[PDB]
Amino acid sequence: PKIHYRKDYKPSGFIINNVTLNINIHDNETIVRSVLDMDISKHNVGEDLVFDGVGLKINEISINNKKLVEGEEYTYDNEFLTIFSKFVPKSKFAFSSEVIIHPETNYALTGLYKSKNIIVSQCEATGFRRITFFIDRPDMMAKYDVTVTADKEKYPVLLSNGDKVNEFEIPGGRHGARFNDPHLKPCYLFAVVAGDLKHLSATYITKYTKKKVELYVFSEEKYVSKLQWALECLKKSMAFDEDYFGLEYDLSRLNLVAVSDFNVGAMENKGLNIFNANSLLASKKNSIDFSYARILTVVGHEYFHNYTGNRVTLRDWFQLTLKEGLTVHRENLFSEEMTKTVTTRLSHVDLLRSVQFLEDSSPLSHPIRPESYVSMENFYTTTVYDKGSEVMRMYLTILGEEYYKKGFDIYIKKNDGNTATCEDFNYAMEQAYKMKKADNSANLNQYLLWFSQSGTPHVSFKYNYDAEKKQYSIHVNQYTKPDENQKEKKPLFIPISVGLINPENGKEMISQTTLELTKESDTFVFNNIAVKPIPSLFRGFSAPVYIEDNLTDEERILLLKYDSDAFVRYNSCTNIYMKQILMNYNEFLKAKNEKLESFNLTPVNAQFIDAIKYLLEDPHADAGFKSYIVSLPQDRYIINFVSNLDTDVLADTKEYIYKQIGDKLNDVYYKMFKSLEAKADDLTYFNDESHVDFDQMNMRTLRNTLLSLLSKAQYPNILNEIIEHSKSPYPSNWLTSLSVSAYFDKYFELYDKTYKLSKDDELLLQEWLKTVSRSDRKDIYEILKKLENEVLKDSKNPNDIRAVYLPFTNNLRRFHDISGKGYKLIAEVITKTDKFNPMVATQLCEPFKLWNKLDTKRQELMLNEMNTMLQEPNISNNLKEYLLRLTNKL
């Protein structure tokens, strides 16, 4: 097996200074002519010249205008072109190749491919070698001169990176355009697009240098009207990087382009950012609310990469978190600032503690900077992205705003125009740390374990209060469970943001402070603490850890009601839920296994239910926050606290708990659903695509969450409220009417009516698919079969495939049916998908990640499907590696 190891990094024996491309697009072939002006590096030892080149049809190969010949001067095996050393010059030389490739048949959406009527590239991580020969690695930085030619009628818009320097006519209906990108870059940042594209545009003027930047956003003609929010989000993104980081854009022009077929969300190609349509295009009549947040965060992310990834790039792929973790951190800061809602941070935490914590206790567990890979693509993980973001955010929590900015500026300045490593970032943050502490002995060496050590720390707490001395102490322990990466886990540098609440009046007793736990355990003592406080721990979720608060439910309710920090309130709520869930889960489990004729369930705490009511009845409390409190923790969060999980028992647990709370609060839920309507569904800004009210959007989420609860409960006459809700002009509302209708005989009429409302917009139809897929229907398998036959059919669009199947995999009762039929269905889809799109196939494996956490029958059923997929002939390297790792074999 071909394993690359982080410690084996060596610079190349060659240098590529300039790339001159001619990309000639025709109906049934694309011809790529390439000149690399190359040199020998000081690390060269007379080795053969080896270029990556995958699936290329060679027309010609030369060095310095001398034709090289197969079997004599080179070999090519469809993956590497080797030029024997004897024929490799000893100093500056021009390597020329011409290859034929076929975007029209590239269903894998990596390299050059056709997405509906657009030709587009995706080069990160190893796609460039599918366009032409290269030493395809991020430390091989060069300048690019790129000409694209095509039929003019079919492809009137031609784009590549950088300044458009010439446009020309060509006989036979063709035309070309030449682009020069003056910044040194790795090949993974090359892009090209050709299409019948429409655009909206604006001019932006940089804050400090006053450079004029032309901003263009592009799509196919049909969706040109759905482009304006993206443009506004780009303007926001640029202003944020200038205002917070001092960072200005560095070309005269920046293009964003939407395409229908894209493996992930978007891509940061210099000057030419390429997006999945679902992360660039929206309109208020034709998109759900979540699209607006998605577009803001993705546009932001791709723009933030212009410094963190582009101007400072990676030495090698093991450094991925340096760009992605740090870009996600910058995106999240931007997103918090733009939205101004406490739910934006909560939603990042929620995603980490569910999806990423699951990954981190699975056999796929890896540190944010991995030690080895086979397929690069398997590293684009929530660990590398989201844990990485939290590691990058802790620097800000530790240093504070002004010292963080100073550290970041040192990082940017030192490494600008060059490659960088995670050590370079920590080194820069270390110089800021030295400054802040006044002290040159202080270092962040210990901080490096956030990059190397895998797994989630557990941070636990014990308290003492001496009421005569007015002295309170917090004793903190950390522990990380040993795993395959490290048999001994070292203590991390853990910042714990804290306050102290007076429990009789709900007020803050201290200035917020950040405890720095650097040992296995430590005791933190506070004086002049006038009464026994309740601690408010890990405010803002200050480190990526399992928190054990050792607080009573009564103390948690008090934080939930009175604490200032939205995370702590929410976490306190979450912990009360989890205690209840683990208690009722155990009771139901013992009932099943011991075959009991009768048994008891512990009821939901009645003071918690009262606190929920109190919060919900507070007209001045945040509506997004309220939607978090009435929903139980996610199943993927729960599963981290249970071994040998019986998923049907968990489903009975959640249902009892919701029913208990419902039986007390349903009238309060109904009353708030009705009284929220006027502000929730107010049409101010409905025709303005430059403006979104994120608070009002949260009112819609709350109303939609309540309706779901009332619907499942069969609250009297809720059906009329579902009917009226289907007539709202907000797609968030009318698609909600479909899924909550699942509990009624009206489902199938709403199905048809929302189908008709959705079917003429590609992205909205994809949302309708997802809504159908996640419907809480007994007959959900027959409904998937209907989606497959009537709507999905043989689509190779990843959005369509993921929309039909992924939401259903989160149906706890059905996906996990004890027959294994859900496991069998998704394995079939994975295997089918892998034959044309290995990346998407592995995304579709995600439900299998928790296999070894289930009850032993469901474990056996999942492993069987996984070993079956591993036996498929011509399984991709991507899927094989993933499944081998996930099944403890690699």
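Quick note: we count residues from 1 along the sequence shown, nothing fancier.
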query	finding
Between the two ranges 653-661 and 85-93, the one averaging a larger CA B factor in the entry	85-93
Stretch with the greater mean C-alpha B-factor as recorded in the entry, comparing 807-815 against 163-171	163-171
Selection by C-alpha B-factor (highest) of 502, 452, 523, 372	372
Residue, from 122, 278, 456, 431, that the PDB entry assigns the highest Cα B-factor	431
Third of chain Cα B-factors occupied by residue 417	highest
B-factor third for the C-alpha atom of residue 63 within its chain	middle
CA B-factor placement of residue 777, once the chain's modelled residues are sorted into thirds	highest
Residue 109 - which third its CA temperature factor falls in, relative to the rest of the chain	lowest
Where the record places residue 70 (Cα B-factor, split into thirds across the chain)	highest
